[PDB]
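Before any questions on binding or motion, here is one chain by itself as structure tokens, the form deposited in one PDB entry.
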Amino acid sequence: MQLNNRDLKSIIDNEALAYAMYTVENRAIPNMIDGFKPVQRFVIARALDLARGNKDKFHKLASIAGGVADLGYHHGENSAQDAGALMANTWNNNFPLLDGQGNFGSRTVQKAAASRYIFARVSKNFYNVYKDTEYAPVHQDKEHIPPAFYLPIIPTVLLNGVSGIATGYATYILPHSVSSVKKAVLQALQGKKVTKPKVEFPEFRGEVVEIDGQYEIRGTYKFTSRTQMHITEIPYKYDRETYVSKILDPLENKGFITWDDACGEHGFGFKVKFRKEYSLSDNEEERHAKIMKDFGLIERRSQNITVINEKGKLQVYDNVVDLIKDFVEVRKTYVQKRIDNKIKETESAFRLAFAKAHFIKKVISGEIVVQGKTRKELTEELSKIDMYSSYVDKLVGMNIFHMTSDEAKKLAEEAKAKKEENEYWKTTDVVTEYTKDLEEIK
């Protein structure tokens, strides 16, 4: 029974501030490099773990989103289910990082089916653009099994399009086409005028025009003969439920239109015929303005590019070009880390291979006799001699069937051929290898 007087300003200074920062950094705002909120990196880490044995196996969403608490997820698994279900589809994804089978939703029904059914796996796009997954930064916490953030080749944050809300700060980035983000990254790599990426929406046939920051995602209509029109595409904001009841229902039970459904597999098809009570005129401009205003064929979006940079701190960008220019420079210092790590690893591997070849070539002849020995004397005799102690575990690793023919040839071939890899890693630069890695995205 303890009595402590806690001033309210201390509560707001510690607990409220900590929760606000936690929502800002670890809940809503995505990473600039990786492109994932700190729930989608959990989902992808678990799904890529599940694909260790079989790469093409489809695993249930209750198995991918389930059991992420051992990776460090401190929240309920239903949030992981709804977050991994939204990133496996194609109606809202310009570059899906999960390929799934089942009802993941469509543009008409922007709601995935229950997690009891739908299966998902890591898509080939992830394997095509997410390289150096073993060189990714390590998080401070020991319980955070996934790395601090993965290391894609192009900025994924601009591709799929994100929208997050946190206390104090919120982010909203529109989707950008892959073929333009790739061009921008390639231009930034060599050093040139970075052409801005073009905003493109998934499964959308309209016209995304930008005037100044604002975007003017449009639709399409077509007068059949004189009064009948065919809305061939509604803006990207709209479902089918919240377009019949939002613009099409409050235009029929008013004495304006009579509409039918022709939403074929192409997309949205709400055929509409106007009755006598309408104010449409022969002027094309006024008719166009009234049609695109009343039917809600124009939506307006403005990006708010707020991302968590490589330092873990929030950052707001004015345009996507700056984001690409900074991301290229951040990834160019990780390509160099890949070069250094590969050089060291190949040197360490060739030394072991050469030691193994030496042991096979000097034991078969009959110099290092192992007959009638024990563990300790062999491990001491091989450690006292040079070139062998640093890999003294190598004594038993090659197994009996290497003390034959057709193995000394192979054992020496590995040592001879690892110098090709080492020399290749000792001459390639960051720009050359990055350019080579960027040509495999198709």
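If you superpose the two forms and keep the largest set of C-alpha atoms that fall within 1.5 Å, you have the rigid core. Residue indices: 1-based, along the sequence shown.
What follows is about the form deposited in another entry, which we do not show.
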Query - Of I165, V330, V138, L280, the one whose Cα moves 2 Å or more between the shown form and the other one after core superposition - result: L280
Report task. Classify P235 as shifted (yes) or not shifted (no) between the shown form and the other one, where shifted means its C-alpha moves by 2 Å or more with the rigid core superposed. Result -> yes
Query raised in the report: Fitting the rigid core first, would the Cα of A69 be found 2 Å or more away between the shown form and the other one?
Result: no
Query - Shift of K183 between the shown form and the other one at or above 2 Å (CA, core fit) - result: no
